[PDB]
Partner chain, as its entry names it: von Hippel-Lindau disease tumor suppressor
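Consider the single chain below, provided in structure tokens and representing the form solved without its partner chain.
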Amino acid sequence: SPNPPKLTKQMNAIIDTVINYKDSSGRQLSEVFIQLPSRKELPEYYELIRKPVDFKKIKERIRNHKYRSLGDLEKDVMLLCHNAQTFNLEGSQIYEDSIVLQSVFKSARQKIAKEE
């Protein structure tokens, strides 16, 4: 069945929490993840990463009712972070940031879906 308006709003709330999240230094960790470089700019990315995704795309998929559940949303966010861990050097800031955004997501999903 179609997504209730509340579900769509929870999804945007979760993702806005992730995007707007700032660490204890005030850096918005999501910045580099918003939009992938194009296939022309970084063909190496697409050679490696089978299922590219960025936060622009996730926002698109919320808007267009493509996630059937908050579990589907989570899967796409875990994919984004997995792709970042796959492409970027272990221990780089981008790798480390992706780990944190996993947690931020799981925290936000709980807070938003359980009311709290």
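Shifts are known only where both forms have a C-alpha. Numbering follows the first chain given and starts at 1. Throughout, rigid core stands for the largest set of C-alpha atoms superposing within 1.5 Å between the two forms.
Another form, the form deposited with its partner chain bound, is not on view; read the next lines as being about it.
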Going by a heavy atom distance of 4.5 Å, is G91 a contact of its partner chain in the deposited complex? yes
With a cut-off of 4.5 Å between heavy atoms, is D72 one of the residues that contacts its partner chain in the deposited complex? no
Does any heavy atom of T86 come within 4.5 Å of a heavy atom of its partner chain in the deposited complex? yes
At 2 Å or more of Cα shift, core superposed, where are the runs of at least three residues that differ between this form and the one not shown? 112 to 114
